[PDB]
Each structure stands twice: as structure tokens, then as C-alpha cells.
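Here the Cβ is made from the backbone with ideal geometry for all residues, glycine too, and neighbour counts use every protein chain on show. Just so it is clear, none of the values below were taken in a lab; they were calculated from the coordinates.
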């Protein structure tokens, strides 16, 4: 059925972070630099609102973009 998945945000060269969110539902990605407020780097949601496939993100912050999902679907990953 509808799948919940940790939406991975990909940072230049390596896994930045992830937020677990259901497919279809939009999730928030932002950069928080020490001493500065967090800035939205991507608003991303999974293609299908049912199953998990790929992440469609809008308002990308250059190198800040999302990649894939693990843990719940993959089992045994460096997610969150």
C-alpha cells in the first residue's frame, strides 16, 4: 500500500540527512548554518502518493538536492 520512506537529502559528495515522510507527501529540506537561520533548500515529495519511487523536489539550492530513500524499504542503512 502507501509507503512511508525517509527522504534522503544529498549533499555535495555525501549523504546530508533524511526525514521520514510518506510517499506523495511533501517534505522539508533546509540548510542550517551555525549562526544563521535555516534556509529552504528543497521542497521534495515522492512521485507516487502510493508507492515510493523517486523524489521530485522544487526550489533546489544548487548542490542541495534529494536522492533516494532507505531504512524502511531497504533495512540497514545510515538514515536517521
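The table for this structure:
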quantity: Alpha-carbon Rg with Dmax, taken over the chain, Å; calculated: 12.3, 42
quantity: Backbone N under 18 Å from the residue 33 label point (7 Å along Cα→Cβ), restricted to region 55-80; calculated: 60-65
quantity: Relative contact order of the chain, pairs being alpha-carbon contacts under 8 Å that are 6 or more residues apart, as %; calculated: 34
quantity: Net length gained if the chain between residue 47 and residue 73 were fully extended (0.36 nm per residue, minus Cα distance); calculated: 7.8 nm
quantity: Residue 19 paired with residue 54, simple spin-label distance in nm, labels 7 Å along Cα-to-beta-carbon; calculated: 2.2
